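**Q** Let me begin by handing over the structure; questions about it come next.
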Amino acid sequence: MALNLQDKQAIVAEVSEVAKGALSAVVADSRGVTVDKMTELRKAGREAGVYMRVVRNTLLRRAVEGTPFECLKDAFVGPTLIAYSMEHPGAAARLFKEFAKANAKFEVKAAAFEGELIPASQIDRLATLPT
Amino acid sequence: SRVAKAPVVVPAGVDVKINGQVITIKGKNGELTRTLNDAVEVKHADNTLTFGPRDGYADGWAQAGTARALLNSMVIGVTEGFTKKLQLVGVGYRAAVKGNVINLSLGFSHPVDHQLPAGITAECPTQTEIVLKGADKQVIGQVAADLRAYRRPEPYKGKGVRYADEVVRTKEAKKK
Amino acid sequence: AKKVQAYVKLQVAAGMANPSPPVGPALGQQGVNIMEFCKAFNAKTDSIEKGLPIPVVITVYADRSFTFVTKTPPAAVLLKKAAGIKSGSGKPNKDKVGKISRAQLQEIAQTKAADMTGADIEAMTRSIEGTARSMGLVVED
Amino acid sequence: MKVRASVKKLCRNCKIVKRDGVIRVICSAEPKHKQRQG
RNA sequence: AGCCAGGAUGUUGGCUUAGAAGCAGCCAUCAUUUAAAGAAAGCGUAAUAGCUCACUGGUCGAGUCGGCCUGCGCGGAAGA
């Protein structure tokens, strides 16, 4: 991570995912290892592959500096490690409740999967999704 | 400097009084008194304790950072108190407590009785372990060093008086 | 499973019944009875092929019982039998040992696709080529 | 300890300190890297 | 700079098959999973294992890091 554009290369990758975003959630990674690394990245590989956003650069002046673009409800995400998850294909896909299955599967501390947007409220696990 | 500008949060009920150059504080545990260096201008004046490098003297910022950590640890003593867990590694090494004197049978031809300075109530929950409590970080560290000064841990089997989290780098016998 | 308690990854060729001379003391680090191992491992050996360099992890449990999950044979030695170059690397920068078709190495890695921790098989198969560069080969197609 | 006239960090964990005027190189890992002077 | 995390997949790679599994040394000095992790800096193992650093999350909170040219000093510096 060298200069300003080095920070901006991540932010353009950021807003590209927000410009077509949908349901999303969050899980911390302070108790996770490389074993659970391939549990949700293979889940990303279960969708298609690599482009599932899991970039961890959520500083109050970095990723929050990129929130005024869209999804303004994400202002005070600030601290408590944030790891995102996108759903470009499939409006209201499985990626939301994937952490419900994951919290009971080698992930113990997952920041209480507080989520981000679409219920237009605070965290509440929706199981009645359009399948 | 970075530690010299950090305010010290003195707990509720803890008395502190600044008599010019000398300082006397007292909590639930005890009364710790200390004389600072003249190059530091300290002021209570608040709910916290701020430190300031007094004029004239050049090394004022260095001395200030020093004085901060002292009073920081002083309020940790009068409110909580310090503990030094010592472990006696080795067969035949027993510890004992008699009033204010620690009896140690460290494989010598005579028992060594160490005298505890002040406010240091040593206790041995196990014969091969000494959990030593105190009220001041300075003297508790010194007495822990003195008991260790009687028998330093040899690097072959780690026999001797050591600390709780002390790691001993053991050497090996030349060939066999 | 559990964390690091008493297991490591060893055990060479499965064809070598009771590899006490090669492995040796590593088996003795735990209370692993090698015949108890041969009772279970050889019971799993007669499933696909005999005499292949196989890797297994000897995971020992507290109740004296031990489990083991095998894996696909090494890509380095897969490189030796598939192409026919039994020497190995030797001198990667002096003598290019051999070469093989992309179609071949792709499907060989496709079977290993279910055995690998990757997402893109195209990226996974060129990792085998990276090993091929380490062994001293030329990716030809 | 080595009373070498020229001292320098022999390893990674070595560190120069100037105790009482004389320059000393204390080591946190191996005792053989401990030296005094220069 | 500290405090809590991770610090990984093939990979026991091949050479004297007695062993050199990032860690005697000879070659490549890979590509992937990706917020990130060198097929490797040190310690330690017959060989593995185990412990750290590189790089990367968060917290914190202000400038700071590595060298160059010069003034004045310290060590180097023991004799009847």
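In the structure tokens, each chain is lettered A, B, ... as it comes, each chain's residues begin at 1, and ligands are numbered from 1 in order of appearance.
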Let's see if you can do this: from backbone DSSP, list all strand (DSSP E or B) residues in chain C, as a list in words.
**A**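 Selection result, strand (DSSP E or B) within chain C: residues 9, 10, 56, 57, 58, 59, 60, 66, 67, 68, 69, 70, 98, 99, 100, 101, 137, 138, 139 and 140 of chain C.
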**Q** Give as number ranges by chain every residue of chain D that touches chain B within 12 Å, counting only C-alpha atoms.
**A** D: 28-31
**Q** With N, CA and C atoms kept, could you save the residues just selected as a PDB file, in the first residue's frame?
**A**
ATOM      1  N   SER D  28      18.942 -10.242  23.705  1.00  0.00           N
ATOM      2  CA  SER D  28      17.767 -10.839  24.331  1.00  0.00           C
ATOM      3  C   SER D  28      17.676 -12.351  24.140  1.00  0.00           C
ATOM      4  N   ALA D  29      18.402 -12.877  23.158  1.00  0.00           N
ATOM      5  CA  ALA D  29      18.362 -14.309  22.877  1.00  0.00           C
ATOM      6  C   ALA D  29      19.600 -15.084  23.322  1.00  0.00           C
ATOM      7  N   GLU D  30      20.704 -14.926  22.597  1.00  0.00           N
ATOM      8  CA  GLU D  30      21.936 -15.631  22.935  1.00  0.00           C
ATOM      9  C   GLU D  30      22.933 -14.745  23.679  1.00  0.00           C
ATOM     10  N   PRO D  31      23.490 -15.260  24.786  1.00  0.00           N
ATOM     11  CA  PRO D  31      24.462 -14.551  25.628  1.00  0.00           C
ATOM     12  C   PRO D  31      25.803 -14.265  24.956  1.00  0.00           C
TER      13      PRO D  31
END
**Q** Specify as number ranges by chain all residues of chain E found within 8 Å of chain D, counting only C-alpha atoms (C1' of nucleotides).
**A** E: 42, 74-76
**Q** Now that the selection is made, can you save its residues with N, CA and C atoms (P, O5', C5', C4', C3', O3' and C1' of nucleotides) as a PDB file, in the first residue's frame?
**A**
ATOM      1  P     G E  42      18.576 -16.508   8.455  1.00  0.00           P
ATOM      2  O5'   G E  42      18.263 -16.461  10.019  1.00  0.00           O
ATOM      3  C5'   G E  42      18.899 -15.483  10.867  1.00  0.00           C
ATOM      4  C4'   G E  42      18.236 -15.448  12.227  1.00  0.00           C
ATOM      5  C3'   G E  42      18.213 -16.749  13.015  1.00  0.00           C
ATOM      6  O3'   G E  42      19.459 -16.996  13.664  1.00  0.00           O
ATOM      7  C1'   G E  42      16.082 -15.734  13.115  1.00  0.00           C
ATOM      8  P     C E  74      35.640  13.612  25.075  1.00  0.00           P
ATOM      9  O5'   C E  74      34.605  12.402  25.038  1.00  0.00           O
ATOM     10  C5'   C E  74      33.742  12.129  26.164  1.00  0.00           C
ATOM     11  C4'   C E  74      33.135  10.751  26.036  1.00  0.00           C
ATOM     12  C3'   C E  74      34.121   9.616  25.801  1.00  0.00           C
ATOM     13  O3'   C E  74      34.731   9.172  27.009  1.00  0.00           O
ATOM     14  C1'   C E  74      32.338   9.421  24.270  1.00  0.00           C
ATOM     15  P     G E  75      36.203   8.525  26.970  1.00  0.00           P
ATOM     16  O5'   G E  75      35.994   7.124  26.236  1.00  0.00           O
ATOM     17  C5'   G E  75      35.143   6.111  26.813  1.00  0.00           C
ATOM     18  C4'   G E  75      35.000   4.933  25.871  1.00  0.00           C
ATOM     19  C3'   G E  75      36.286   4.259  25.414  1.00  0.00           C
ATOM     20  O3'   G E  75      36.765   3.333  26.386  1.00  0.00           O
ATOM     21  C1'   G E  75      34.862   4.584  23.556  1.00  0.00           C
ATOM     22  P     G E  76      38.347   3.191  26.646  1.00  0.00           P
ATOM     23  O5'   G E  76      38.934   2.712  25.243  1.00  0.00           O
ATOM     24  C5'   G E  76      38.602   1.418  24.701  1.00  0.00           C
ATOM     25  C4'   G E  76      39.107   1.297  23.282  1.00  0.00           C
ATOM     26  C3'   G E  76      40.597   1.540  23.093  1.00  0.00           C
ATOM     27  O3'   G E  76      41.326   0.335  23.331  1.00  0.00           O
ATOM     28  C1'   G E  76      39.378   2.792  21.497  1.00  0.00           C
TER      29        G E  76
END
**Q** Show me, as a list in words, the residues that have an atom within 12 Å of residue 47 (chain E) when counting only C-alpha atoms (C1' of nucleotides), minus same-chain residues fewer than 5 positions from it.
**A**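 Near neighbours after the sequence-gap exclusion: residues 10, 22, 23, 24, 25 and 26 of chain C; 12, 18, 19, 20 and 21 of chain E.
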**Q** Please identify every residue of region 36-123 of chain A that has at least one atom no farther than 9 Å from an atom of region 48-64 of chain E, counting only C-alpha atoms (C1' of nucleotides), and for each give the shortest atom pair and the distance in Å to one decimal, arranged by chain then increasing number, as a tab-separated table.
**A**
residue	atom	partner	partner_atom	distance
A:56	CA	E:57	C1'	6.2
A:57	CA	E:57	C1'	7.3
A:58	CA	E:57	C1'	8.6
A:59	CA	E:58	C1'	8.5
A:79	CA	E:58	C1'	6.6
A:80	CA	E:58	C1'	6.4
A:81	CA	E:58	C1'	5.2
A:82	CA	E:57	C1'	8.3
A:83	CA	E:57	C1'	8.9
**Q** Find, counting only C-alpha atoms, the residue in A:61, A:109, A:73, A:46 that gets nearest to chain C.
**A**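 Among A:61, A:109, A:73, A:46, it is A:46 that comes nearest to chain C.
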**Q** If we count only C-alpha atoms (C1' of nucleotides), what is near residue 83 (chain C) at a cut-off of 9 Å, once residues fewer than 5 positions away on the same chain are taken out, given as a PyMOL selection string?
**A** chain C and resi 78+98-100
**Q** Those same residues - C-alpha atoms - I'd like them written as a PDB file, in the first residue's frame.
**A**
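Result written to part_35.pdb:
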ATOM      1  CA  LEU C  78       2.663 -37.313 -10.461  1.00  0.00           C
ATOM      2  CA  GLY C  98      10.482 -33.200 -19.630  1.00  0.00           C
ATOM      3  CA  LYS C  99       7.300 -31.656 -20.981  1.00  0.00           C
ATOM      4  CA  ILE C 100       3.604 -32.517 -21.114  1.00  0.00           C
TER       5      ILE C 100
END
**Q** If we count only C-alpha atoms (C1' of nucleotides) and set the cut-off at 8 Å, which residues sit around region 125-134 of chain B, ignoring sequence neighbours fewer than 4 positions away in its own chain? Please answer as a list in words.
**A**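 The contact residues come out as residues 81, 82, 83, 84, 85, 86, 87, 88, 89, 93, 94, 95, 96, 119, 120, 121 and 140 of chain B.
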**Q** Go ahead and write the residues just picked, N, CA and C atoms, as a compact mmCIF listing (two decimals), in the first residue's frame.
**A**
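Output contents, as saved in again.txt:
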# COMPACT_ATOMS: atom_id res chain seq x y z
N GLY B 81 -2.91 -3.02 44.21
CA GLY B 81 -1.81 -3.70 44.86
C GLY B 81 -1.16 -4.61 43.83
N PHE B 82 0.14 -4.87 44.00
CA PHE B 82 0.86 -5.71 43.06
C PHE B 82 1.11 -7.12 43.56
N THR B 83 1.32 -8.04 42.62
CA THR B 83 1.58 -9.44 42.95
C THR B 83 2.74 -9.96 42.12
N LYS B 84 3.62 -10.72 42.76
CA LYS B 84 4.77 -11.31 42.09
C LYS B 84 4.79 -12.80 42.40
N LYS B 85 4.41 -13.60 41.40
CA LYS B 85 4.37 -15.04 41.56
C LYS B 85 5.73 -15.67 41.26
N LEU B 86 6.37 -16.21 42.30
CA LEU B 86 7.67 -16.85 42.16
C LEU B 86 7.54 -18.36 42.23
N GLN B 87 8.27 -19.05 41.36
CA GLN B 87 8.23 -20.51 41.30
C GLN B 87 9.59 -21.11 41.64
N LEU B 88 9.61 -22.03 42.61
CA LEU B 88 10.85 -22.69 43.00
C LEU B 88 10.96 -24.04 42.30
N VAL B 89 11.70 -24.06 41.20
CA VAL B 89 11.89 -25.28 40.43
C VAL B 89 13.06 -26.11 40.96
N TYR B 93 13.58 -28.08 47.26
CA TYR B 93 13.46 -26.65 47.50
C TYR B 93 12.10 -26.31 48.10
N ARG B 94 12.09 -26.01 49.39
CA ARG B 94 10.85 -25.66 50.08
C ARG B 94 10.86 -24.22 50.57
N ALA B 95 9.68 -23.61 50.59
CA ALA B 95 9.53 -22.23 51.05
C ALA B 95 8.65 -22.19 52.30
N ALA B 96 8.86 -21.16 53.12
CA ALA B 96 8.09 -20.99 54.34
C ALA B 96 7.95 -19.52 54.68
N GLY B 119 5.43 -3.51 54.39
CA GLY B 119 4.17 -3.72 53.70
C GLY B 119 4.15 -4.86 52.70
N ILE B 120 5.13 -5.75 52.77
CA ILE B 120 5.19 -6.88 51.86
C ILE B 120 4.81 -8.17 52.55
N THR B 121 3.57 -8.61 52.34
CA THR B 121 3.09 -9.84 52.95
C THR B 121 3.25 -11.01 52.00
N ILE B 140 8.39 -4.34 45.55
CA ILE B 140 7.93 -5.70 45.31
C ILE B 140 8.82 -6.31 44.23
**Q** Excluding same-chain residues fewer than 2 positions from residue 10 (chain D), what lies within 10 Å of it counting only C-alpha atoms (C1' of nucleotides), as a PDB file with N, CA, C and O atoms, in the first residue's frame?
**A**
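Okay, this is what ended up in selection02.pdb:
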ATOM      1  N   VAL D   7      31.970  -2.573  18.389  1.00  0.00           N
ATOM      2  CA  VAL D   7      30.745  -3.340  18.576  1.00  0.00           C
ATOM      3  C   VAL D   7      29.658  -2.981  17.565  1.00  0.00           C
ATOM      4  O   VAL D   7      29.628  -1.871  17.031  1.00  0.00           O
ATOM      5  N   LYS D   8      28.774  -3.939  17.307  1.00  0.00           N
ATOM      6  CA  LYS D   8      27.671  -3.750  16.372  1.00  0.00           C
ATOM      7  C   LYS D   8      26.683  -4.901  16.522  1.00  0.00           C
ATOM      8  O   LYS D   8      27.038  -5.970  17.022  1.00  0.00           O
ATOM      9  N   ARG D  12      19.507 -10.005  15.121  1.00  0.00           N
ATOM     10  CA  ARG D  12      18.284  -9.218  15.073  1.00  0.00           C
ATOM     11  C   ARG D  12      17.886  -8.691  16.452  1.00  0.00           C
ATOM     12  O   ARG D  12      17.499  -7.530  16.593  1.00  0.00           O
ATOM     13  N   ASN D  13      17.994  -9.544  17.468  1.00  0.00           N
ATOM     14  CA  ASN D  13      17.619  -9.164  18.828  1.00  0.00           C
ATOM     15  C   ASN D  13      18.654  -8.366  19.614  1.00  0.00           C
ATOM     16  O   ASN D  13      18.438  -8.058  20.785  1.00  0.00           O
ATOM     17  N   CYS D  14      19.776  -8.033  18.985  1.00  0.00           N
ATOM     18  CA  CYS D  14      20.796  -7.248  19.669  1.00  0.00           C
ATOM     19  C   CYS D  14      20.361  -5.786  19.664  1.00  0.00           C
ATOM     20  O   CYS D  14      19.650  -5.345  18.759  1.00  0.00           O
ATOM     21  N   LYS D  15      20.779  -5.039  20.680  1.00  0.00           N
ATOM     22  CA  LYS D  15      20.431  -3.626  20.777  1.00  0.00           C
ATOM     23  C   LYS D  15      21.464  -2.846  21.578  1.00  0.00           C
ATOM     24  O   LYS D  15      21.867  -3.255  22.669  1.00  0.00           O
ATOM     25  N   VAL D  25      26.303  -3.691  24.069  1.00  0.00           N
ATOM     26  CA  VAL D  25      25.368  -4.332  23.151  1.00  0.00           C
ATOM     27  C   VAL D  25      24.762  -5.518  23.888  1.00  0.00           C
ATOM     28  O   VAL D  25      25.382  -6.579  23.984  1.00  0.00           O
ATOM     29  N   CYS D  27      21.952  -8.546  24.470  1.00  0.00           N
ATOM     30  CA  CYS D  27      21.229  -9.452  23.587  1.00  0.00           C
ATOM     31  C   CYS D  27      20.094 -10.120  24.356  1.00  0.00           C
ATOM     32  O   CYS D  27      20.258 -10.514  25.512  1.00  0.00           O
ATOM     33  N   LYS D  32      26.108 -15.003  23.895  1.00  0.00           N
ATOM     34  CA  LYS D  32      27.373 -14.820  23.195  1.00  0.00           C
ATOM     35  C   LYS D  32      27.471 -13.510  22.418  1.00  0.00           C
ATOM     36  O   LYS D  32      28.573 -13.059  22.100  1.00  0.00           O
ATOM     37  N   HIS D  33      26.330 -12.892  22.122  1.00  0.00           N
ATOM     38  CA  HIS D  33      26.343 -11.635  21.379  1.00  0.00           C
ATOM     39  C   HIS D  33      26.518 -10.410  22.274  1.00  0.00           C
ATOM     40  O   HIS D  33      26.672  -9.287  21.787  1.00  0.00           O
ATOM     41  N   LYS D  34      26.502 -10.630  23.584  1.00  0.00           N
ATOM     42  CA  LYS D  34      26.662  -9.543  24.547  1.00  0.00           C
ATOM     43  C   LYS D  34      28.111  -9.049  24.549  1.00  0.00           C
ATOM     44  O   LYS D  34      29.038  -9.826  24.794  1.00  0.00           O
ATOM     45  N   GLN D  35      28.301  -7.760  24.271  1.00  0.00           N
ATOM     46  CA  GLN D  35      29.638  -7.162  24.229  1.00  0.00           C
ATOM     47  C   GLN D  35      29.701  -5.754  24.824  1.00  0.00           C
ATOM     48  O   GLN D  35      28.694  -5.045  24.873  1.00  0.00           O
TER      49      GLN D  35
END
**Q** Can you tell me, as a PyMOL selection string, what residues are no more than 9 Å from residue 32 (chain A) when counting only C-alpha atoms (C1' of nucleotides), ignoring any on the same chain fewer than 2 positions away?
**A** (chain A and resi 28-30+34-37+106-110) or (chain E and resi 5-6)
**Q** Write out as a CSV table (one decimal) with N, CA, C and O atoms, in the first residue's frame every residue belonging to chain C that has an atom at most 9 Å from any atom of chain E, counting only C-alpha atoms (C1' of nucleotides).
**A**
chain,number,residue,atom,x,y,z
C,6,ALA,N,-0.9,-34.0,18.8
C,6,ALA,CA,0.1,-35.0,18.6
C,6,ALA,C,0.2,-35.5,17.2
C,6,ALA,O,0.7,-36.6,16.9
C,7,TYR,N,-0.2,-34.7,16.2
C,7,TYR,CA,-0.2,-35.2,14.8
C,7,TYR,C,0.6,-34.3,13.9
C,7,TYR,O,0.6,-33.1,14.0
C,8,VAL,N,1.3,-35.0,12.9
C,8,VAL,CA,2.1,-34.3,11.9
C,8,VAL,C,1.7,-35.0,10.6
C,8,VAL,O,1.0,-36.0,10.6
C,9,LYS,N,2.3,-34.6,9.5
C,9,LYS,CA,2.1,-35.2,8.2
C,9,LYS,C,3.3,-35.9,7.6
C,9,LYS,O,4.3,-35.2,7.3
C,10,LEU,N,3.2,-37.2,7.5
C,10,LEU,CA,4.3,-38.0,7.0
C,10,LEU,C,3.8,-39.2,6.2
C,10,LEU,O,2.9,-39.1,5.4
C,11,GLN,N,4.4,-40.4,6.4
C,11,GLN,CA,4.1,-41.6,5.7
C,11,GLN,C,4.2,-41.5,4.2
C,11,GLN,O,3.3,-41.0,3.5
C,12,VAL,N,5.3,-42.1,3.6
C,12,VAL,CA,5.5,-42.1,2.2
C,12,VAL,C,4.8,-43.3,1.5
C,12,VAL,O,3.8,-43.8,2.1
C,22,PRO,N,12.0,-46.3,7.3
C,22,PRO,CA,12.0,-44.9,6.8
C,22,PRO,C,11.4,-43.9,7.8
C,22,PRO,O,12.1,-42.9,8.2
C,26,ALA,N,9.0,-41.2,14.4
C,26,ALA,CA,7.8,-40.3,14.2
C,26,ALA,C,6.6,-41.0,14.7
C,26,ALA,O,5.7,-40.4,15.2
C,55,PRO,N,0.3,-39.6,0.7
C,55,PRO,CA,0.5,-38.7,1.9
C,55,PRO,C,-0.7,-38.9,2.8
C,55,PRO,O,-1.9,-38.9,2.4
C,74,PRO,N,1.4,-36.7,-4.5
C,74,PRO,CA,2.1,-35.5,-4.8
C,74,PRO,C,2.2,-35.1,-6.3
C,74,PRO,O,2.4,-36.0,-7.1
C,75,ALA,N,2.0,-33.9,-6.6
C,75,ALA,CA,2.0,-33.4,-8.0
C,75,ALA,C,3.5,-33.6,-8.6
C,75,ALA,O,3.7,-33.7,-9.8
C,76,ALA,N,4.4,-33.5,-7.7
C,76,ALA,CA,5.8,-33.7,-8.0
C,76,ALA,C,6.1,-35.1,-8.5
C,76,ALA,O,6.8,-35.2,-9.5
C,77,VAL,N,5.6,-36.1,-7.9
C,77,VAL,CA,5.8,-37.5,-8.3
C,77,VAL,C,4.7,-37.8,-9.3
C,77,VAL,O,4.9,-38.9,-10.0
C,87,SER,N,13.6,-39.2,-12.6
C,87,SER,CA,14.7,-38.5,-11.9
C,87,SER,C,14.2,-37.4,-11.0
C,87,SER,O,14.7,-37.3,-9.9
C,88,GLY,N,13.2,-36.6,-11.5
C,88,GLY,CA,12.7,-35.5,-10.7
C,88,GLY,C,13.2,-34.2,-11.2
C,88,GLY,O,13.3,-34.0,-12.4
C,89,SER,N,13.6,-33.3,-10.3
C,89,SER,CA,14.2,-32.0,-10.7
C,89,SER,C,15.6,-32.2,-11.2
C,89,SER,O,15.9,-32.1,-12.4
C,90,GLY,N,16.5,-32.6,-10.3
C,90,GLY,CA,17.9,-32.8,-10.6
C,90,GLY,C,18.6,-31.4,-10.9
C,90,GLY,O,19.3,-30.9,-10.0
C,91,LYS,N,18.4,-30.9,-12.1
C,91,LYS,CA,19.0,-29.6,-12.5
C,91,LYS,C,18.0,-28.9,-13.3
C,91,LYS,O,18.0,-28.9,-14.6
C,92,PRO,N,17.1,-28.2,-12.7
C,92,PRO,CA,16.0,-27.4,-13.4
C,92,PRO,C,16.5,-26.3,-14.3
C,92,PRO,O,15.8,-26.0,-15.3
C,93,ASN,N,17.6,-25.7,-14.0
C,93,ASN,CA,18.2,-24.6,-14.8
C,93,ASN,C,19.3,-25.1,-15.8
C,93,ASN,O,19.8,-24.3,-16.6
C,94,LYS,N,19.6,-26.4,-15.8
C,94,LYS,CA,20.6,-26.9,-16.7
C,94,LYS,C,20.0,-27.8,-17.8
C,94,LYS,O,20.4,-27.8,-19.0
C,116,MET,N,-8.2,-30.0,-4.0
C,116,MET,CA,-7.5,-28.7,-3.8
C,116,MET,C,-8.3,-27.7,-3.0
C,116,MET,O,-9.6,-27.8,-2.9
C,117,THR,N,-7.7,-26.6,-2.5
C,117,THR,CA,-8.4,-25.6,-1.8
C,117,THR,C,-8.4,-24.3,-2.7
C,117,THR,O,-8.2,-23.2,-2.2
C,118,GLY,N,-8.7,-24.5,-4.0
C,118,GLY,CA,-8.8,-23.4,-4.9
C,118,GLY,C,-10.2,-23.1,-5.3
C,118,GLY,O,-11.2,-23.8,-5.0
C,119,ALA,N,-10.3,-22.0,-6.1
C,119,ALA,CA,-11.6,-21.6,-6.7
C,119,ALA,C,-11.7,-21.7,-8.2
C,119,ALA,O,-12.7,-22.2,-8.7
C,120,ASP,N,-10.6,-21.3,-8.8
C,120,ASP,CA,-10.5,-21.4,-10.3
C,120,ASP,C,-9.6,-22.5,-10.7
C,120,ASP,O,-8.4,-22.5,-10.4
C,123,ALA,N,-6.6,-21.5,-12.7
C,123,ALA,CA,-5.6,-21.0,-11.9
C,123,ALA,C,-4.9,-22.1,-11.1
C,123,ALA,O,-3.7,-22.1,-10.8
C,124,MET,N,-5.7,-23.1,-10.7
C,124,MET,CA,-5.2,-24.3,-10.0
C,124,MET,C,-4.2,-25.1,-10.8
C,124,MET,O,-3.2,-25.6,-10.3
C,125,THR,N,-4.5,-25.3,-12.1
C,125,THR,CA,-3.7,-26.1,-12.9
C,125,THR,C,-2.4,-25.5,-13.3
C,125,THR,O,-1.4,-26.2,-13.6
C,126,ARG,N,-2.3,-24.2,-13.3
C,126,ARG,CA,-1.1,-23.5,-13.6
C,126,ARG,C,-0.2,-23.5,-12.3
C,126,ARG,O,1.0,-23.1,-12.4
C,127,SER,N,-0.7,-23.9,-11.2
C,127,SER,CA,0.0,-23.9,-9.9
C,127,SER,C,0.9,-25.2,-10.0
C,127,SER,O,1.9,-25.3,-9.5
C,128,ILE,N,0.3,-26.2,-10.8
C,128,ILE,CA,1.0,-27.4,-11.0
C,128,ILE,C,2.2,-27.2,-12.0
C,128,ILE,O,3.2,-27.9,-12.0
C,129,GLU,N,2.0,-26.1,-12.8
C,129,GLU,CA,3.0,-25.7,-13.8
C,129,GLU,C,4.1,-25.0,-13.0
C,129,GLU,O,5.2,-25.0,-13.4
C,130,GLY,N,3.7,-24.3,-11.9
C,130,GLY,CA,4.7,-23.6,-11.1
C,130,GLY,C,5.6,-24.7,-10.5
C,130,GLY,O,6.8,-24.4,-10.2
C,131,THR,N,5.0,-25.8,-10.2
C,131,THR,CA,5.7,-26.9,-9.6
C,131,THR,C,6.6,-27.5,-10.7
C,131,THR,O,7.7,-28.0,-10.4
C,132,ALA,N,6.1,-27.5,-11.9
C,132,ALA,CA,6.7,-28.0,-13.0
C,132,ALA,C,8.0,-27.2,-13.4
C,132,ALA,O,9.0,-27.6,-13.9
C,133,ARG,N,7.9,-25.9,-13.0
C,133,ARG,CA,9.0,-25.0,-13.3
C,133,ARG,C,10.0,-25.2,-12.2
C,133,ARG,O,11.2,-25.1,-12.4
C,134,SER,N,9.5,-25.7,-11.0
C,134,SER,CA,10.4,-26.0,-9.9
C,134,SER,C,11.1,-27.4,-10.2
C,134,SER,O,12.2,-27.7,-9.7
C,135,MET,N,10.4,-28.2,-11.0
C,135,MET,CA,11.0,-29.5,-11.3
C,135,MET,C,11.8,-29.4,-12.6
C,135,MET,O,12.6,-30.3,-13.0
C,136,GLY,N,11.7,-28.3,-13.3
C,136,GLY,CA,12.4,-28.0,-14.5
C,136,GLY,C,11.7,-28.6,-15.8
C,136,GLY,O,12.3,-29.5,-16.5
**Q** When DSSP works through the backbone of this structure, what residues of chain C end up as helix (DSSP H, G or I), shown as a VMD selection string?
**A** chain C and resid 25 to 28 34 to 45 75 to 83 102 to 114 121 to 135
**Q** Quick one: distance from CA of residue 119 (chain A) to CA of residue 22 (chain A) in Å, one decimal?
**A** 10.8 Å
**Q** Give as a PyMOL selection string every residue of chain A that touches chain C within 9 Å, counting only C-alpha atoms.
**A** chain A and resi 38+41-42+44-46+48-50
